[PDB]
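Working notes for the structure below.
Number of protein chains: 2
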Amino acid sequence: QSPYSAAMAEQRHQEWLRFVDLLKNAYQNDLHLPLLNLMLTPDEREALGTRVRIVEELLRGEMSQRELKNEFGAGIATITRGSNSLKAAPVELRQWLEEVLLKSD
Amino acid sequence: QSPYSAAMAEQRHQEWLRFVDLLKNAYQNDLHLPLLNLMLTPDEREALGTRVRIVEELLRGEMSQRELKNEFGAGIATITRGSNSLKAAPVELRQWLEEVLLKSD
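Set out below in structure tokens:
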């Protein structure tokens with residue numbers, strides 16, 4: 188799989204791992220300080236911390252109908268956001284939270 | 188710093204590390220498969236792979252004027268995107284690419 192030139196994108200799906208590997212390597216080396224500022228964004232830090240609360244309130248009993256009605260009406264787009272249920276294993280996600288919550292406390 | 192209750196957000200800036208630590212821990216344990224699907228987005232994978240090329244073309248000589256004129260005119264918003272130059276150490280970012288490029292090849 189080496190057509191002489193390799194600085195382009197045979198399928199373009201390799202640049203995704205290159206970014207996941209560089210970022211993954213940046214989150215482990217802590218040298219992403221610079222990329223953290225360029226990456227540091229408002230809507231990003233908002234949507235990020237937003238998911239942390241959404242999932243938290245979810246188990247709490249506030250998936251969105253609590254304070255998520257002025258952003259659409261009542262989880263009319265966020266609750267059914269075009270995502271993957273069994274195609275992504277939700278029990279797998281609840282399992283990770285189940286590991287940090289059932290850790291040992 | 189423990190006002191009895193701690194399941195809220197004294198400053199709300201701790202939920203950012205909790206997400207960076209969970210994600211950082213998810214990128215190292217590879218168990219983020221589920222979060223990868225919920226996180227797997229189109230504009231995200233596009234903007235991500237987009238930065239990989241932008242920075243690449245940047246050193247190549249195509250910061251944006253090459254194929255970045257229909258998205259605004261010619262890097263009129265992306266080239267000056269509200270970011271932090273010396274407040275984030277750009278030479279620090281070029282240093283990281285300088286480590287993966289001057290690695291040993």
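If you're matching them up, the sequences are chains A and B in order. Just so we're aligned: 233 in our numbering is position 46 of the first sequence, and the numbers increase by one with no gaps anywhere. Just so we're aligned: 210 in our numbering is position 23 of the second sequence, and the numbers increase by one with no gaps anywhere. For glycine and all other residues, C-beta sits at the position ideal for the given N, C-alpha and C.
The C-beta distance from A/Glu279 to B/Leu220 rounds to 6 Å, short enough to fall under 8 Å.
When secondary structure is reduced to three states using DSSP, A/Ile241 falls in the helix class. Look at the stretch 233-251 of chain A: the residues with a C-beta under 7 Å from a C-beta of chain B are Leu235, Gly236 and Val239.
Contact annotation, B/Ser270 with A/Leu225: C-beta distance approximately 6 Å; criterion of less than 8 Å satisfied. Inclusion of B/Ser251 and B/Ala261 in the CB contact set at 8 Å is warranted, their separation being smaller than that value.
Distances from the CA of A/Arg238 to each of B/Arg232, B/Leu246, B/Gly248 and B/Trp203 were compared; the closest alpha carbon is that of B/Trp203. In this structure, A/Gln215 sits near B/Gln215, with a CB-CB distance shorter than 8 Å. Collapsing the DSSP output to three states places A/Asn271 in coil.
Residues of the same chain with a CB within less than 8 Å of the CB of A/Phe206, apart from the 5 flanking positions on each side, do not exist. The DSSP-derived three-state label of A/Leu280 is helix. Taking the Cα of A/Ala275 as reference, the smallest distance to any Cα among B/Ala194, B/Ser192, B/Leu227 and B/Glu258 is reached at B/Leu227. The Cβ of B/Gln215 sits closer than 8 Å to at least one Cβ of chain A. When only Cα atoms are considered, B/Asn212 and B/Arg253 end up about 38 Å apart. The beta carbon of B/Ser192 is closer than 6 Å to none in its chain, skipping five residues each way along the sequence.
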